[PDB]
Amino acid sequence: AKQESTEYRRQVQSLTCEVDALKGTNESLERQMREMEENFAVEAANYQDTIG
Amino acid sequence: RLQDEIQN
Amino acid sequence: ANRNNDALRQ
């Protein structure tokens, strides 16, 4: 039960590193939705030269 | 950029 | 119109 307790603690600590590395990549998807708003700033720039 | 060329 | 276009393309 202590070899087993050393196993499931390591697997849960590895899963804890997942759940906080996923969130720092969810905070990266919140930047890819700004690379969207910059690709729409290129739509608005080609629409500025359109309108002008 | 095609609406620029087309509407010009 | 060209210079302000190239400033927004920049």
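The first residue you see is number 1, and the count goes up from there.
Note that Cβ sites are derived from N, Cα and C of the backbone, with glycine treated the same way.
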Legend entry - The annotated motif '[IL]-x-C-x-x-[DE] motif' range in Swiss-Prot, which must be one of A:15-18, A:19-22, A:39-42: A:15-18
Legend entry - Distance, A:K2 (SUMO2 cross-link) to A:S14 (phosphoserine) (CA atoms, angstrom): 18
Inset, instruction - Using all protein chains shown, find which of the recorded positions A:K2, A:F40 scores highest when you count other CB atoms within 10 A of its CB. - result: A:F40
